[PDB]
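Chains as they are written, first to last, in our numbering: chain A, 1 to 55; chain B, 56 to 513; chain C, 514 to 532; chain D, 533 to 1132. No residue lacks a Cβ here, since even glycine has one placed at the ideal position from N, Cα and C.
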Amino acid sequence: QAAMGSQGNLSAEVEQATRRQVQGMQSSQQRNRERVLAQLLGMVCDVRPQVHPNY
Amino acid sequence: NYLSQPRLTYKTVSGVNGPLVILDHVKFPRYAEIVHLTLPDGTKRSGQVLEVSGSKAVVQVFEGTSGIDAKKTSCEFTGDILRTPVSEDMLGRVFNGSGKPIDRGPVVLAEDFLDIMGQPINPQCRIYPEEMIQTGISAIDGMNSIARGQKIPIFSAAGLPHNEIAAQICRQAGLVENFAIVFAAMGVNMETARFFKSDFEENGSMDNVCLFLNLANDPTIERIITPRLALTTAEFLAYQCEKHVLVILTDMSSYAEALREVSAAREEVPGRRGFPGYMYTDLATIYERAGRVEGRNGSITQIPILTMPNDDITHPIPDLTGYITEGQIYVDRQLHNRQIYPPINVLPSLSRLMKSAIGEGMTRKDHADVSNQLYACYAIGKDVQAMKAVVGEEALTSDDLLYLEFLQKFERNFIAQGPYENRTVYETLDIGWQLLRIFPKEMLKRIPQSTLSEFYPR
Amino acid sequence: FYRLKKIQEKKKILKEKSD
Amino acid sequence: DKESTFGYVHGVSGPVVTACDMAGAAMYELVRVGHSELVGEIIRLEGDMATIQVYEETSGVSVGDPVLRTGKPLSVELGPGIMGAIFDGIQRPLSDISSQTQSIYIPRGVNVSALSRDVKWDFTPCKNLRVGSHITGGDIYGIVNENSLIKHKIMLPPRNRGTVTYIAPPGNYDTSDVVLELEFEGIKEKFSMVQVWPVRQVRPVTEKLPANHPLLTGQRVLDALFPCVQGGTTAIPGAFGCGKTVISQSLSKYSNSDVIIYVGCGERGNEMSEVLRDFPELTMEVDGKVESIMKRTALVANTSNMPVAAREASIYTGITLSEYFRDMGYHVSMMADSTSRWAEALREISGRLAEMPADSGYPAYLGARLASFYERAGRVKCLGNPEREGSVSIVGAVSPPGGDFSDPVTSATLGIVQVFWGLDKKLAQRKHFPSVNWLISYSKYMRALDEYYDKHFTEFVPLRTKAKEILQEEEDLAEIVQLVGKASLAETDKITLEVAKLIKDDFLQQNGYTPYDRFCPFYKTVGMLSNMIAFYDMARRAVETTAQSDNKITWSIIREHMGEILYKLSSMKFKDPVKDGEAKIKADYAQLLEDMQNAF
Ligand SMILES: Nc1ncnc2c1ncn2[C@@H]1O[C@H](COP(=O)(O)OP(=O)(O)O)[C@@H](O)[C@H]1O
Ligand SMILES: [Mg+2]
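Written as structure tokens, this is what we have:
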């Protein structure tokens, strides 16, 4: 009884809870992606050449 | 706020001996700065700048100087001190000594970057530890009880079961809503790493356990930053995410033996038995990173395991640990050959914060008095046992036979409990009161007549 | 041993100046 | 002679910093190294460079960083706003750091003034110091009641003098308001309620006096066997678990000292956090009123997690605050929590300077820094015209490694101090607190205290002399018991081995957390000692007079006859003197003296 019921605990987690976590953050990545890349590439192109504070 | 300048990459090594690489022509070198060596054969090694002088930088590498050229190796100066990517997702994963994952996983996604050296807490905003942790061991919860925010080592030796009672106080760690355990293993074997890893998965506790395991074949300068990594994530969980953290720094004698080789390579001034003069301050930078503060609801408790050499409490490993911490737990060799599972000799054990964590509102009224009498009846009967071996088994006073009746009933019934039994503190004090029943009422000097009238007739 | 190795490190530095 | 105002770092290796471009800088000058201005102090200079020990963490200090010279030594700000407060080694208020930054750390670059310039203090003049009157160095020209306990008397600095051209009227003043103005050769020097004084400079004073009044710590073995005077130096060695702190906490709560300055030099952080917890809920009664003992306590907290070179600056700060309250006429008592962590700070700084070591790695000047710290104690007649007397008692606990008293920090301390309360580890393997080993401990304040004892408690001097013979002759005969056996003892020796067990369990043992033994007044110390010595004298009279002739007393019937008197003698530690009157308790003893005379 412990060997047969342990397989019913597998599909309650390996495809129910796990697979909803990937698409749960796949949607949240797609909503906030283009705001990040405009912030990220803004810092790569804003070169401010400084010298060391100890000259 | 953030570094934006590109990194200088020097090929200007001018000296290497032991673990120390000496670069020249470094432009404004920084103390305690991290560099990134790339070897002529292509492998990467990290380093830390240990002394600057003008344009030179004496960097020690974390992996050893075996193969470092004087012309072909290239050293890239990261412009900041050693920070680690810390996150809430570092809870349920295992890591090696340096920073890296071991369990086939990805890198940490870095909620923020914390300095591993830390910064000491203001002693005005540090509050006293009060809530007693009931750890389910009668030698602890009876006479050497720990608090929530207490640093307390397990003084062990070689071969004694200090790994086993480390995994036993992980399962039964609760109050008299679980502990986020952070585990640091330094200088351990392969079986000792598998004993802790397969025990944290057996009890289902590996959803809140961050293992920092550094094996015996791992480099001995990565053992220095192993407790600094495992305490800078424990400060992130306890002082920012408001979590109650249990930190276990197992084999602390493997940390300080790895501290002796680095200082002897630098030719530092030696203290006792070759250990450096700053061993007290270097141990206290990882022992005093514990307790709870006034603005937060989290706490961090440290249980650092160490094995004393030659069963000696006057070696510099357990002697300097007693001056920093708040009492010790002393397992014994003589109580291990008798197959008592917790071999906790209670006489050189201590809990400096047990007086504030027991009492009427905490556990019950009789706790502070039965523990002073269980300690004195144990100390007299060991003096009697050291007397009957010289004098004889028959030339004793009849009062001295009760002290032999106590000790044979003390070690097998009070402290011996088995590896999965978790006695509560009300179970313990009703077992500890049974052993005082074999003495008269006016031979118990430490317990007054008031609380003797409420507990001793039973 | 530490007092004699401290002196042999100091005598080497004075012999690196007089070169 | 151009005197460049800046310097630049040349190399940093741990706590020390080599700074180039530093030409006309003096030794022990205060500099500020780094962009965050870490506080440092110049200890060595070789030509153009200068070497600086830093009282902060030098992790992150680059080479081209500026080092600005201040031209002044390391000094403290002395004035109102200093009782009840807690400072670190360089005297930054930890209560004002945690409220300015609203965090739980010390940001290691903070320049907070030691005394706040916004608290209004109610100044009152001396009432006999008119305008035009002369005033020398060190006399009181004002009284500021800091609390209900401590009247913080404002004094002129010991250097300068003159005539009063202006003295402020009574009212509320800041620490920055000018109170006094003087003229000497025709120069106007204005004075406020604070003064700045270097910590390595001994405070000037009129004349030193011998010490006569004792320091009653409250502990029974400490007041009776090995007494200490106010104005005396005391060392408490001992390993971990012996109770070096509990003797220091019980002496800061219940002694007869006016103010208390507690210096945690490199010890546990939770020990300085339990001080400011149970002190404001503990009061004392001096003039019919009760006020908490935190109003007479100042803390200097530099834990072992904190920087290393600031262990030295926390010792010299705590003695300079102790000599400041000395000059008001108070009886200061200073508890350096560990002078063995200061000696480990000198060793690590000397390891970076590549100095030649003395024995066990300590520098050769270790015994000279300990000598110039304990010599600043003493009962001494203060400078100034109101003609008062002050005192400083230094009780510094040594932490020897491994419990070895043949340690170059302990052996350098015992050549300086006059009292030595050597704690023992085996007296903590059985719960015998206070764990003072009575065999190795001593006190050289015996010829100074017998004139006090022959004026107040005249019976006490042969009491402790006889109690020191019982405790010593027990050790001579317990060596025979563990080798030969108890059966070969005489009747004058079996009485000694059991009155000594009465001494070590009733008189010497004292549980500080019980309300009857948290403080033992000195009439109770002599009261339960004059009973247990006379009982030994009476039981000696039942042996030597009945020597051989009749059927004599072989001590086995004294146990049987006086079975309640041996309970009357072993329970006198219970005769609570907080809630039990002195006259009550004293009467209870003399009654037990009457019961033994009737029973013998
Ligand atoms: N009078 C006493 N009664 C009971 N226990 C005591 C007494 N005095 C000291 N102790 C015990 O001795 C311990 C020593 O504390 P502490 O002084 O901090 O150790 P250390 O000497 O290393 O500083 C205390 O925590 C307490 O448990
Ligand atoms: Mg202490």
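Contacts with chain A at 9 Å (Cβ-Cβ) do not include D/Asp-553. If you check the CB distance, D/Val-968 and D/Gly-947 do not come in under 9 Å. D/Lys-1105 is the residue among D/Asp-1127, D/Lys-1105, D/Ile-682 whose C-alpha sits nearest the C-alpha of D/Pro-1053. One residue after another in chain order, those with a Cβ under 5 Å from a heavy atom of ligand 1 are B/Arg-407, D/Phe-772, D/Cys-774, D/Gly-775, D/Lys-776, D/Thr-777, D/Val-778, D/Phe-965, D/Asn-1043, D/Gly-1044. Look at B/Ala-345 here: in three-state DSSP terms it is coil, with no helix or strand label. Linking A/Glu-15 to B/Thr-190 through their CA atoms gives a straight-line distance of about 38 Å. If you check the C-beta of C/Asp-532 against ligand 2, you find no heavy atom less than 8 Å away.
Judged by beta-carbon spacing, B/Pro-274 lies within the 9 Å limit of B/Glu-118, meaning their Cβ atoms are closer than that value. In the three-state reduction of the DSSP assignment, B/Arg-419 falls in the coil class, being assigned neither a helical nor a strand state.
The C-beta of B/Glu-88 comes closer than 9 Å to at least one C-beta of chain D.
Closest in alpha carbon position to B/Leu-459, among B/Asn-477, B/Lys-437, B/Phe-168, B/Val-480, is B/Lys-437. By a beta-carbon distance limit of 8 Å, B/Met-198 contacts B/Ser-426. Their separation comes to about 5 Å.
For the pair D/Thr-829 and D/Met-615, the CB atoms are nearer than the 9 Å cut-off. Taking 8 Å as the cut-off, one finds no heavy atom of ligand 2 near enough to the beta carbon of D/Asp-810. With a cut-off of 8 Å, the C-beta of D/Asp-869 is classified as near ligand 2, since at least one heavy atom of the ligand falls inside that distance.
Here B/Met-261 is not near B/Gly-414, since their CB atoms are 9 Å or more apart.
Per the coordinates, the alpha-carbon of B/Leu-292 lies some 7 Å from the alpha-carbon of B/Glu-143. Distance from the C-beta of D/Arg-800 to the nearest heavy atom of ligand 2 is below 8 Å. The continuous stretches of alpha helix (DSSP H) do not include D/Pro-730, which lies in the beta strand (DSSP E) extending over residues 727–730. Taking C-beta atoms as the reference points, B/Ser-101 and B/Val-90 count as a pair closer than 9 Å.
Note on B/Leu-429: 16 or more other CB atoms within 10 angstroms of its CB, so buried under the neighbour-count rule.
9 Å or more divides the Cβ of B/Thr-479 from the Cβ of B/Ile-207. With a threshold of 16 other beta carbon atoms within 10 Å, D/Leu-712 meets it and is buried.
Taking 8 Å as the cut-off, the C-beta of B/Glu-232 does not count as close to any heavy atom of ligand 2.
Here DSSP, grouped into helix, strand and coil, assigns D/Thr-738 to coil. Taking one beta carbon from each stretch, the stretch 831–844 of chain D and the stretch 874–890 of chain D have 3 or more pairs nearer than 8 Å; the two touch.
Sequence-distant partners of B/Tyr-335 (beyond 5 residues in either direction) whose C-beta falls short of 8 Å from its own C-beta, in its chain, are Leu-375, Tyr-378, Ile-379. Within the same chain, Cβ atoms closer than 6 Å to the Cβ of B/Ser-309 are found at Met-241, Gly-242, the five residues on either side in sequence being excluded. Interface with chain D (9 Å Cβ-Cβ cutoff): C/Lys-525 is excluded. In this structure, D/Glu-803 has its CB closer than 8 Å to one or more heavy atoms of ligand 2.
Residue-level contact check: D/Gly-596 touches chain A, since one or more beta carbons of chain A fall below 9 Å from its beta carbon.
Distance from the Cα of D/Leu-1021 is smallest, within the candidate group D/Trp-1087, D/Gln-632, D/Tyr-985, D/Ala-1119, for D/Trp-1087. When the alpha-carbon of D/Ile-618 is set against those of D/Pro-889, D/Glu-1005, D/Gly-801, the nearest one is in D/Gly-801. According to the DSSP assignment, D/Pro-657 belongs to the beta strand (DSSP E) that extends over 653–657.
The C-beta distance from B/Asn-269 to B/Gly-160 rounds to 17 Å, too long to fall under 8 Å, and the pair is not in contact.
Proximity of the stretch 542–549 of chain D to the stretch 917–928 of chain D falls short of the contact definition, fewer than three beta-carbon pairs being nearer than 8 Å.
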